[PDB]
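K.L.:
Here it is, the structure in full.
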2 protein chains.
Amino acid sequence: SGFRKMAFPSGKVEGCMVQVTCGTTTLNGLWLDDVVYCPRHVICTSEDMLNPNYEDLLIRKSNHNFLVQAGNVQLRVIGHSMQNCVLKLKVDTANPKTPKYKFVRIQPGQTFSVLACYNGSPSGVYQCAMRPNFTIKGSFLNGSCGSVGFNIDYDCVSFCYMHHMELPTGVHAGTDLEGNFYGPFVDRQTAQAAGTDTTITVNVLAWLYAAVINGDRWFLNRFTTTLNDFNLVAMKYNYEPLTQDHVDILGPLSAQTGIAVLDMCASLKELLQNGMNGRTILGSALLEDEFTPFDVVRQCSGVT
Amino acid sequence: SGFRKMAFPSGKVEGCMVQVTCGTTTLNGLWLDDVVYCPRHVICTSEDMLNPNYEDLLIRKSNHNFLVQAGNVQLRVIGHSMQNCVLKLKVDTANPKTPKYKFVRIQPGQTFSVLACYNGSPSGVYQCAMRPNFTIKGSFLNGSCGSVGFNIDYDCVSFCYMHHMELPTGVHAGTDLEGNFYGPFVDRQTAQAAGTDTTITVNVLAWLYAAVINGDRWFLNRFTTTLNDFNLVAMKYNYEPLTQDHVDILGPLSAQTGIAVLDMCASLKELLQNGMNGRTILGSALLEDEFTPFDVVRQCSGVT
Ligand SMILES: Cc1ccnc(C)c1NC(=O)Cc1cccc(Cl)c1
Ligand SMILES: Cc1ccnc(C)c1NC(=O)Cc1cccc(Cl)c1
């Protein structure tokens, strides 16, 4: 029993973190096999960041300008290339601590763990969701650039995020491991609009099922609804429209609890229209959307 | 910017986790140097747990009855001893992945990271506080026994908790690494009272300072209070009494923000008496007490 915002064990990712320095800028890199991946803005000075011409800036750099250090040992850079917003520094040594890994581009609403790093050293780990608007509400300071997000399936780490930037609004933007930004963002010191965000409906429902499994049941009611009626309420409260694909993914939790998905939707509808009346659910006074249906089943079944 | 319930990177602790089996019971052990530490109730059957005589049960066991497996390799047990509620199994091999470590008994109100494990395999990591009543509100299922809590200072892991039991109320009880329970709990299948819990006042104040640093300032007011007046409010709302020792530990955050500790106490007083009026602080609709003043300074300064 109990329900926590649990992160994946970060060990396999800690063994990949390195420090990358170019000129006067230092950030984090990810060392997998004989390649170090890092945000391409490591090649910028503060003056460059206003409107950088990355192609021109990278041409002034040679392999010996990229200083890569793994803990205390220096890596020898034998190649460099830019792929979208990431730099790939080929090194002469394969990382002996490289776990089994994949590069994945996650969908909005999916969750992942972030290993926050500074100067190539891990400081902490936390779980978060990629917002529907492709931002993440992380905890990152200057120097955290290059910190990565990931999921783990037994022995395989799927890297899904690399941190690049903090928007003027204090929310975070980054790329997949091929350097493609999530969202409309560009790696430039300019004010950039993050779209209207919404609450991840399927995750809130998954978390209400986790609440029932763990004993918090006060919000269950004698009502039911339809997908259409529920979506009228979801639109009014800036929630993502619920689809049959979302209902299908909630099936295991519906089966485990015996509460039909549309009955849980009716509980959520009443919570949206009436608030929590000063009560809590799983220690929260708001509707939590950072747990996917997969996360709930994993945490509630003890998958290692 | 941003503020998350961040856990320490779990890598150094993952390398210590082992599976311990005795008879038909399997749980987690902590392998440090040539000793494996685990909850002594690994020697019990379900029938024994009602009122176990651990001394008598342990006498029926020999070194060869304790099966210790580190991933896929079997450890050879050359000694066994009970210290309070933990068993110490001496093995013939020192753990090559033993980090620099200490065993510490933490105070109520302090925080730590938990690496939840099943069958000696890490499933997730989360941050939590030891409640004033010496329970923890974790996320643990059957088989999580032996999972540990810890803090990390640069390269040193201070182990402070080992999970033993879930109380009938769904909250968790465990020991320090010398096997001494935190709180009045006994390792027995009996209903056990956890005392009245309170909110960790100094942590809520630390978190209000983190909110100010990160831009959430709506709760700041034009008022101040005294320790005496604040403590009358704290008593009414089941908050721990604030002392000058607590004020002194909040000094760095008071200096960083320019908000005197008693002025922050007046904001907290108004939040206690008036609620949050449907607003949030750092993404929470309640007053958070799982961040110590040290945690706030660490997260806000990027200590690795
Ligand atoms: C200051 C800070 C705080 C938290 N995370 C981060 C990542 C930062 N740093 C930046 O955003 C620097 C920067 C400026 C403009 C564009 C880009 Cl790609 C990077
Ligand atoms: C079932 C469960 C769930 C979460 N954590 C845990 C630790 C459990 N298991 C138990 O509590 C088993 C047990 C019963 C009586 C005394 C003791 Cl020391 C241990």
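Chain labels A, B, ... are given in the sequence in which chains occur in the structure tokens; within each chain residues are numbered consecutively from 1, and ligands are likewise numbered from 1 in the order shown.
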Name the residues of segment 83-276 of chain B that fall into strand (DSSP E or B) according to DSSP on the backbone, using the chain letters and numbers of this document, as a ChimeraX atom specification.

P.N.:
/B:83,86-91,100-103,111-118,121-129,136,148-153,156-166,172-175,181,199,239

K.L.:
Return as a list in words every polymer residue, whether protein, DNA or RNA, with at least one atom no more than 6 Å from an atom of ligand 2; count only C-alpha atoms and all ligand atoms.

P.N.:
residues 1 of chain A; 41, 49, 140, 141, 142, 144, 145, 164, 165, 166, 187, 188 and 189 of chain B

K.L.:
Using only C-alpha atoms and all ligand atoms, which of B:79, B:149, B:302, B:275 sits nearest ligand 1?

P.N.:
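Result for the nearest residue to ligand 1: B:302.
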
K.L.:
Step one, run DSSP on the backbone; step two, keep only residues of segment 148-233 of chain B assigned to alpha helix (DSSP H); then write them as a list in words.

P.N.:
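Of segment 148-233 of chain B, only residues 201, 202, 203, 204, 205, 206, 207, 208, 209, 210, 211, 212, 213, 227, 228, 229, 230, 231, 232 and 233 of chain B fall in alpha helix (DSSP H).
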
K.L.:
Write out the residues from the selection above, keeping N, CA and C atoms, as an mmCIF file, in the first residue's frame.

P.N.:
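Below you can see result.cif, which holds the result:
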```
data_model
loop_
_atom_site.group_PDB
_atom_site.id
_atom_site.type_symbol
_atom_site.label_atom_id
_atom_site.label_comp_id
_atom_site.auth_asym_id
_atom_site.auth_seq_id
_atom_site.Cartn_x
_atom_site.Cartn_y
_atom_site.Cartn_z
ATOM 1 N N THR B 201 6.516 21.666 10.761
ATOM 2 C CA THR B 201 6.505 23.115 10.585
ATOM 3 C C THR B 201 7.717 23.698 9.874
ATOM 4 N N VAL B 202 8.931 23.344 10.313
ATOM 5 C CA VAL B 202 10.141 23.924 9.734
ATOM 6 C C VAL B 202 10.239 23.581 8.241
ATOM 7 N N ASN B 203 9.793 22.379 7.855
ATOM 8 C CA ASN B 203 9.775 21.930 6.446
ATOM 9 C C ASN B 203 8.762 22.692 5.625
ATOM 10 N N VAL B 204 7.569 22.959 6.191
ATOM 11 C CA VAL B 204 6.574 23.770 5.465
ATOM 12 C C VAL B 204 7.159 25.174 5.203
ATOM 13 N N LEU B 205 7.809 25.772 6.217
ATOM 14 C CA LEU B 205 8.420 27.097 6.065
ATOM 15 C C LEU B 205 9.511 27.040 5.036
ATOM 16 N N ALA B 206 10.358 25.986 5.066
ATOM 17 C CA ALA B 206 11.413 25.818 4.063
ATOM 18 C C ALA B 206 10.802 25.774 2.636
ATOM 19 N N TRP B 207 9.716 25.040 2.467
ATOM 20 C CA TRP B 207 9.003 24.908 1.188
ATOM 21 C C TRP B 207 8.334 26.245 0.748
ATOM 22 N N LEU B 208 7.844 27.049 1.697
ATOM 23 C CA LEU B 208 7.325 28.381 1.376
ATOM 24 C C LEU B 208 8.472 29.269 0.859
ATOM 25 N N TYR B 209 9.683 29.140 1.435
ATOM 26 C CA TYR B 209 10.843 29.865 0.920
ATOM 27 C C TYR B 209 11.184 29.394 -0.505
ATOM 28 N N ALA B 210 11.131 28.080 -0.770
ATOM 29 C CA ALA B 210 11.359 27.513 -2.113
ATOM 30 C C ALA B 210 10.332 28.076 -3.089
ATOM 31 N N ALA B 211 9.073 28.235 -2.648
ATOM 32 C CA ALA B 211 8.022 28.815 -3.480
ATOM 33 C C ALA B 211 8.390 30.262 -3.854
ATOM 34 N N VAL B 212 8.839 31.078 -2.879
ATOM 35 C CA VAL B 212 9.224 32.462 -3.153
ATOM 36 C C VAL B 212 10.375 32.514 -4.152
ATOM 37 N N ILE B 213 11.402 31.684 -3.955
ATOM 38 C CA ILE B 213 12.568 31.637 -4.849
ATOM 39 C C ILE B 213 12.148 31.300 -6.291
ATOM 40 N N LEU B 227 7.144 33.996 17.860
ATOM 41 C CA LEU B 227 7.190 32.535 18.026
ATOM 42 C C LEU B 227 6.029 32.071 18.883
ATOM 43 N N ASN B 228 5.739 32.820 19.972
ATOM 44 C CA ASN B 228 4.619 32.473 20.838
ATOM 45 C C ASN B 228 3.288 32.479 20.105
ATOM 46 N N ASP B 229 2.967 33.552 19.395
ATOM 47 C CA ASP B 229 1.692 33.668 18.699
ATOM 48 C C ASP B 229 1.593 32.591 17.616
ATOM 49 N N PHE B 230 2.669 32.429 16.828
ATOM 50 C CA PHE B 230 2.698 31.401 15.791
ATOM 51 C C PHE B 230 2.441 30.000 16.387
ATOM 52 N N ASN B 231 3.058 29.686 17.522
ATOM 53 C CA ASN B 231 2.885 28.373 18.148
ATOM 54 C C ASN B 231 1.477 28.116 18.687
ATOM 55 N N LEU B 232 0.722 29.173 19.028
ATOM 56 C CA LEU B 232 -0.685 29.005 19.416
ATOM 57 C C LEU B 232 -1.471 28.481 18.177
ATOM 58 N N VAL B 233 -1.173 29.035 16.986
ATOM 59 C CA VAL B 233 -1.784 28.644 15.717
ATOM 60 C C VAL B 233 -1.309 27.242 15.335
#
```

K.L.:
Restricting the calculation to only C-alpha atoms and all ligand atoms, which member of B:245, B:183, B:214, B:30 is positioned closest to ligand 1?

P.N.:
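Smallest distance to ligand 1 is found for B:214.
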
K.L.:
Could you list, as an MDAnalysis selection string, the residues of chain B having an atom within 7 Å of chain A when counting only C-alpha atoms?

P.N.:
chainID B and resid 1:11 14 118 121:126 137:141 170 285:286 302:304

K.L.:
Rounded to one decimal in Å, what is the spacing between atom CA of residue 51 of chain A and atom 16 (C, counted along the ligand's line) of ligand 1?

P.N.:
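According to the coordinates, atom CA of residue 51 of chain A and atom 16 (C, counted along the ligand's line) of ligand 1 are separated by 9.3 Å.
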
K.L.:
Considering only C-alpha atoms, return as a PyMOL selection string whatever protein or nucleic-acid residues lie within 9 Å of residue 265 of chain A, sequence-local ones (same chain, fewer than 3 positions apart) excluded.

P.N.:
chain A and resi 205+224-227+230+260-262+268-270
